[PDB]
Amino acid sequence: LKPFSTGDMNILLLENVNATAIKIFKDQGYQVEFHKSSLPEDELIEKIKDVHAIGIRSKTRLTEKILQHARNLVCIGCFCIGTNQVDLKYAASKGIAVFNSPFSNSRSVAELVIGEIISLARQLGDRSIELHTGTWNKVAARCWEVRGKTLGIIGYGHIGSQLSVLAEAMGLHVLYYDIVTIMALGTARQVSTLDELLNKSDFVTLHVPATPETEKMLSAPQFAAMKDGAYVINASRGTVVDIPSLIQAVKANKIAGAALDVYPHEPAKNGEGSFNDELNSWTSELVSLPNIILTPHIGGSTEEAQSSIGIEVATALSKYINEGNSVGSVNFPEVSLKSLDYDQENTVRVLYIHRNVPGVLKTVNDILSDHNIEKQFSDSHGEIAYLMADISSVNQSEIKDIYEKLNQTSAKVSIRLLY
C-alpha cells in the first residue's frame, strides 16, 4: 500500500529509552546505538558527526556548541515532556525538527492523585512511618471516607479530565475552574469564578501548565480561601504553590494534609542526600510537618507510561525520517501529505526546508517546472519554512539534476528527496 524511502540511516539513543522505541526503529530497519547513561560534551560531539537522528532525555544537554558539529542530523526526538534542554531556535535555523510526547503521563498522573487523595484522607503515609519506627497511634479524628467529598480540579486539561471521571467513579463530586469553557465530562460542573471552586471544595488539585497567571497561583492568600479542614495537591509545576506560605498554612492546621510531586528546585542527579536544605531552605521545616506526602517528580514515572511515550515519539521520528510528516514538532512547521496510499511508482517527494523570504516558492516551482507537481503543501514556523511536493514521473537521471538545482538556491536550509 505505502512505499518507503532509502531506509538505512543511523540513530543514537542516550538515556535509557524503552525497548518499544527500539522495536519501532529496528522493525523499521535502521542502525541503533543504545546508551544507558548521559554522555559528556566530548564523547557526544565525536559520536554525533555521522549520526542521523538523536533521541535524548531531560539530562543530556544539546546546545549550539555541540550541535554545530552535527552536520548529518535530521530530527531530534526528546522522549520527554520538556523541551528546554535543546536549543530550539538554532535547530530550527539548521532545519532540524524536534519532537516530544507532552501528554504521555496523563493516566499516570491521575492515578497518583487518586492514591494521594485517599492516603491524605486516611493519613496512610504517616501511619506507615509510625509503624516503621515502632509507634502505634490509632486515631480516627479527621479521617474520612473519600466517597461523598468534593474534588476541585484546577485546570481541566488532559490530566484534569482523566482525573475527573476517576473521582466520579470513586464517588467524589467534581468541580473544575478553567479559563476556557470546556465541555464537562460525566457529572462535573464548570465554575464561573475560581473563588466558587475553592469555597465549595474538599480536595484541590492543580493540573495547569506554567504561566505567570499560574505562578504562585495558590499562595498564602489563596490557601485561606477554602474549606475549614481541606487538602491541597499540586502535581503540575514547582511554582504554582507558595511553599513557604504553605508550610505556614499547614503548621496552623488550616490545610489538613497535602501531597506534592514537584518543587521549585529539583536536583539533576539521584543521591543519598540530594533533597536537603541546600536546594530549599525550608526542607527541614516541611519534613518536620504532619501528613505531607513528598515525592521526587514521579507523576509520570510508570512502566506503562514510559512504554507509551517511547512508542509515540519513536513512531513520530520514524514517520518524519521516512515520510516528510513533521506534525507535532516543537520548533518546526507542521506539514504532512497522503504519503502515497494510492500513488503509483516513479513518484518523487521533495522536502525543502527554507528561510521564509518572499519568492522562494517562485524559484522552486520554476526549478520543478519540467514535471507535474501533483500535491504541494508549505507552511512557515517563524524564520524557517517547510515545503513538500510530489512530482509524478521522474527517472534516476533526472532526480540527480533536481537535487543540485534545489541545492544551489538561496535560502536552502535542508533538502531531501524520498525515493
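The first residue of the shown sequence is 1; numbering continues from there.
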| item | value |
| --- | --- |
| Comparing 325-333 with 339-347, the one whose average Cα B-factor in the PDB entry is higher | 339-347 |
| Of 56-64 and 371-379, the one with larger mean CA B-factor | 56-64 |
| Per the PDB entry, maximal CA B factor within 107, 127, 147, 71 | 71 |
| Top Cα B factor in the deposited entry, candidates 165, 314, 172, 247 | 247 |
| Entry-reported Cα temperature factor of residue 30, expressed as the chain third it lands in | middle |
| Chain-relative CA temperature factor third for residue 19 | middle |
| Ranked C-alpha temperature factor of residue 90 among modelled chain residues, by third | middle |
| Cα B factor band for residue 254 (lowest, middle or highest third within the chain) | highest |
| For residue 84, the third of its chain into which the C-alpha B factor falls | highest |
